[PDB]
Ligand SMILES: NC(=O)c1cnccn1
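Following this line, the structure appears as structure tokens:
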């Protein structure tokens, strides 16, 4: 049993809810929250901007030190950093950004990072300002992630479309 509440069960391991991932993280304090990161860990907008704002910019300070030491992530890659006030850990995962012309086939590689964690609170990778079709992102998630993932969808309209179109 875990603390996640109000989720619709899509599969054996994938759950979904219409929710603000910041508000959900603040309530649950999950072991892992996933950030929709870019390779530079520049948390300017979308899930990343909202998560970083909720940490009072501590996520960005930590991230800048990580990049200064290690250099940029790969598209499809990830790193584990602090979850600050939101979670124990933040898994920063880089999905392809369609608005930068990145290979959508890298979305499966991105979701494979989730398999290193038994339970996660996450957004749909490459959705929102990353430009991918969120229906596609949910299908790749279900077909790739084997660990238990609780998906928070910010938009109510999109949530209802994801549920009502789910195969
Ligand atoms: N939870 C949010 O504030 C958020 C903002 N932008 C995109 C997705 N989620």
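In full-length UniProt numbering, the protein residues as written are 1025 to 1191. We put the CB at the ideal spot given by N, CA and C, even for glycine.
*Using only alpha-carbon positions, find the residue among 1127, 1187, 1160, 1152 that is nearest to residue 1073.*
Selected option, being the one with the closest Cα: 1152.
*Identified DSSP bridge partners for residue 1106*: 1113
*Assigned secondary structure, residue 1025 (DSSP; H/G/I helix, E/B strand, else coil)*: coil
*asked:* Measuring only from the beta carbon, is residue 1190 closer than 7 Å to any heavy atom that is part of ligand 1?
replied: no
*Contact the region 1040–1050 vs the region 1065–1083: 3+ CB pairs below 8 Å*: yes
_Using a Cβ-based criterion (distance less than 7 Å to any ligand heavy atom), does residue 1046 qualify as near ligand 1?_
Answer for residue 1046: yes, Cβ within range of ligand 1.
*Label residue 1188 either buried or exposed according to how many other C-beta atoms from any shown protein chain fall within 10 Å of its C-beta, with 16 as the threshold for buried.*
exposed
_Start-end ranges of the alpha helix (DSSP H) lying completely within the region 1036–1069, minimum 4 residues_ = 1045–1052
_Heavy atom of ligand 1 within 7 Å of residue 1058 beta-carbon_ = For ligand 1, not one heavy atom lies less than 7 Å from the Cβ of residue 1058.
*If we call anything under 8 Å between Cβ atoms a contact, is residue 1210 one with residue 1176?*
Because the chain spans 1025 through 1191 in this model, residue 1210 falls outside it and cannot be assessed.
*Pull up the distance between the alpha-carbon of residue 1156 and that of residue 1131, whole angstroms please.*
Residue 1156 and residue 1131: Cα-Cα distance of roughly 9 Å.
*If you run the structure through DSSP and keep just helix, strand and coil, what is residue 1090?*
helix
*State yes or no: is the C-beta of residue 1119 nearer than 7 Å to some heavy atom of ligand 1?*
no
*Close Cβ partners of residue 1043 (< 6 Å) along its chain, the five nearest in sequence each way excluded*: 1176
*So who's on the other strand from residue 1143, going by DSSP bridges?*
DSSP lists 1172 as the bridge partner or partners of residue 1143.
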